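Student:
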Amino acid sequence: XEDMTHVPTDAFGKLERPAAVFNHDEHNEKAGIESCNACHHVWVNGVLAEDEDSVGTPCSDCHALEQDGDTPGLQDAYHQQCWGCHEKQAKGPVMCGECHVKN
Ligand code: HEM
Ligand code: HEM
Ligand code: HEM
Ligand code: HEM
Ligand SMILES: [As]
Ligand SMILES: [As]
Ligand SMILES: [As]
Ligand SMILES: [Zn+2]
Ligand SMILES: [Zn+2]
Ligand SMILES: [Zn+2]
Ligand SMILES: [Zn+2]
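Numbering-wise (PDB author numbering), the sequence shown opens with residue 1 and increments by one.
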């Protein structure tokens, strides 16, 4: 994903919002994220593997559009991951129009 400049949107069908800006490799370098499983996680039987990751599997392979149990639907997965870290670190966009950029 070194060519990535927005988050993939094909799983959603018709969009309400602009694609979310996300230059994956530059993002992750500026943010200081050193583990891939900060996002590409592996959750098994309610427990998060600390030493594994799911790189190479789309989020949308596990996260349906609808919530399943405590597995978030796909929109909420992205909002909880992305907007959740920004809020926890007090850095990064936290308005709709700073990710979903109209341009
Ligand atoms: C850690 C260094 C890391 C790697 C390696 C990695 C790889 C990776 C690949 C190969 C893809 C698929 C790209 C494609 O389809 O061409 C991908 C996709 C996404 N990633 Fe990633 N990624 C690493 C780390 C991070 C981190 C720390 C985050 C969150 C900040 C992140 C997130 C994403 C997202 C979102 C995508 C798109 C998912 C999809 O549905 O295809 N990755 N990454
Ligand atoms: C792709 C980068 C991706 C995103 C985004 C994502 C988000 C995410 C969130 C925010 C949660 C809630 C719990 C937490 O904050 O970790 C969550 C939950 C689970 N996920 Fe996920 N997830 C992404 C990727 C994937 C992939 C590729 C898988 C399947 C291999 C997967 C699985 C799950 C499961 C299962 C859960 C529920 C865990 C639990 O509470 O039992 N996720 N996802
Ligand atoms: C989830 C896929 C995700 C998105 C989308 C995302 C976007 C995003 C943007 C657009 C920025 C601003 C870039 C700019 O300067 O123009 C930004 C910045 C930060 N992010 Fe982020 N972000 C996503 C996920 C994550 C996660 C999971 C983390 C923490 C683990 C995270 C962290 C940060 C940090 C820190 C920054 C600020 C970088 C800086 O300017 O110092 N983001 N993100
Ligand atoms: C502000 C509260 C806000 C809204 C509103 C919003 C909407 C939203 C929707 C409706 C989707 C589903 C796809 C669609 O367009 O129909 C969606 C998807 C994603 N979002 Fe979002 N979102 C708002 C806030 C934010 C912020 C602050 C971020 C960046 C941290 C962000 C990110 C994302 C991501 C990633 C996705 C999935 C990929 C894509 O649709 O772009 N949202 N959002
Ligand atoms: As680089
Ligand atoms: As929140
Ligand atoms: As809070
Ligand atoms: Zn753009
Ligand atoms: Zn560099
Ligand atoms: Zn790995
Ligand atoms: Zn909050």
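The beta carbon of each residue, even a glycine, is placed where N, CA and C say it ideally should be.
Could you tell me which residues DSSP puts in a beta bridge with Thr71?
Tutor: BP columns for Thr71 point to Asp68.
Student: Go through its chain and collect everything with a Cβ distance to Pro72's Cβ below 8 Å, but skip five positions before and after it.
Tutor: Taken in chain order, the residues that qualify are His63 and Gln80.
Student: With hydrogens ignored, establish whether the beta-carbon of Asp61 is closer than 6 Å to any heavy atom of ligand 10.
Tutor: Not so, every heavy atom of ligand 10 lies at least 6 Å from the Cβ.
Student: What I want to know is whether the C-beta of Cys39 ends up closer than 6 Å to one or more non-hydrogen atoms of ligand 1.
Tutor: Yes, since a heavy atom of ligand 1 falls inside the 6 Å radius drawn around the Cβ of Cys39.
Student: In the DSSP assignment, find the unbroken alpha helix (DSSP H) run with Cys62 in it and report its ends.
Tutor: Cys59 to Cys62 is the span of the alpha helix (DSSP H), which, as asked, contains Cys62.
Student: What is the rounded straight-line gap between the Cα of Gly84 and the Cα of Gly56?
Tutor: Cα to Cα, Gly84 sits roughly 23 Å from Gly56.
Student: Does the beta-carbon distance from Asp25 to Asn37 come in below 7 Å?
Tutor: No, they are not a contact pair.
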